[PDB]
Amino acid sequence: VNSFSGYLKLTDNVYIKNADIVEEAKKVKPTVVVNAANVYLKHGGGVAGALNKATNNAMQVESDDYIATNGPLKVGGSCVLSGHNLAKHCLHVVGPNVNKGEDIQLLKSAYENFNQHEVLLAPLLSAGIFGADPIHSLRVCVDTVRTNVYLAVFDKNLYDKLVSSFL
Ligand SMILES: O=C(O)Cc1cccc(CNC(=O)c2ncnc3ccsc23)c1
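So in the UniProt record's numbering, spot 86 of the sequence shown is number 1110, and the numbers just go up one at a time.
Next comes the structure, spelled out in structure tokens:
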């Protein structure tokens, strides 16, 4: 029994809710929040810009030190950093950005990173400004992630379509 509330159950291990992931993180303070990162950990916009803003830019400062030491992530890769005021940990996961011509097949690899964590609060990878079809992202999530994932979908009309079209 954990502290997530108001989610619709899609499968044995995948749950979904129409929510702002920032507000959900501040309310639940989960062990792991997933960021929709890019390989440079430049948290400008979308989920990343919103999470970073909620940390008063501390996420960006930590991220810049990580990149200065380690170099960029891979598309499909991840790193674990602090969750600051929002979570114990932030798992920064890089889904492919369709708007940059990255291979959508890397979306499955991106979701595999979730399996290293028992429970996560997460957005749909490669959705929103990353340009992939969110219905496809949800299907890859369900078919790839085996740990317990609580998906926060910002847009209510998308959250209604995702739930109504779910197989
Ligand atoms: O909500 C999120 O977490 C990510 C997000 C945030 C803002 C705007 C979008 C873009 N909207 C959509 O892709 C969308 N909307 C409504 N019906 C559909 C049906 C197929 S795509 C689609 C996505």
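Think of the CB as a built atom: it goes at the ideal place given N, C-alpha and C, for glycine as much as any other residue.
To which residues does DSSP link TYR1039 through a beta bridge?
The partner list for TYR1039 (beta bridge, DSSP) reads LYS1033 and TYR1174.
Taking the alpha-carbon of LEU1097 as reference, which of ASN1181, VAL1046, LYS1066 and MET1083 has the nearest alpha-carbon?
Comparing Cα-Cα distances from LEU1097 to each of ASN1181, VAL1046, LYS1066 and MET1083, the minimum goes to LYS1066.
Per DSSP, which residues does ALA1060 bridge with? Please list them.
DSSP lists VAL1117 as partners of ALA1060.
Quickly, what does DSSP pair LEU1186 with across the bridge? List them, please.
DSSP, once it has assigned bridges, lists no residue as partnering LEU1186.
Between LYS1050 and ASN1026, what straight-line distance do the alpha-carbon atoms span, to the nearest angstrom?
Cα to Cα, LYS1050 sits roughly 15 Å from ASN1026.
For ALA1082, which residues in the same chain have their Cβ closer than 7 Å to its Cβ, ignoring the five residues on either side in sequence?
For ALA1082, where only same-chain residues beyond five positions count, the Cβ hits under 7 Å are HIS1108.
Could you tell me the boundaries of the beta strand (DSSP E) in which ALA1156 lies?
Element bounds for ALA1156: n/a, residue is neither H nor E.
So the alpha helix (DSSP H) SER1133 belongs to, where does it begin and stop?
First-last of the alpha helix (DSSP H) with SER1133: 1130 to 1136.
May I ask whether a heavy atom of ligand 1 can be found less than 8 Å away from the beta carbon of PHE1190?
No - ligand 1 has no heavy atom lying nearer than 8 Å to the Cβ of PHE1190.
At a threshold of 8 Å, does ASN1121 count as lining ligand 1 (C-beta to nearest heavy atom)?
No, ligand 1 has no heavy atom inside 8 Å of this Cβ.
Should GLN1129 go down as buried or exposed, given a rule of 16 or more other Cβ atoms within 10 Å for buried?
It counts as exposed.
Quick check on the burial criterion: 16 or more other C-beta atoms within 10 angstroms. Buried or exposed for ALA1111?
It is buried - the Cβ of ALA1111 has at least 16 other Cβ atoms within 10 Å.
Measure the CB-CB distance between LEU1191 and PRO1158 and report whether it falls below 9 Å.
For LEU1191 and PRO1158, no; Cβs fall outside 9 Å.
Quick one: is the Cβ of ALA1072 within less than 8 Å of any heavy atom of ligand 1?
No, since every heavy atom of ligand 1 falls outside the 8 Å radius drawn around the Cβ of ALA1072.
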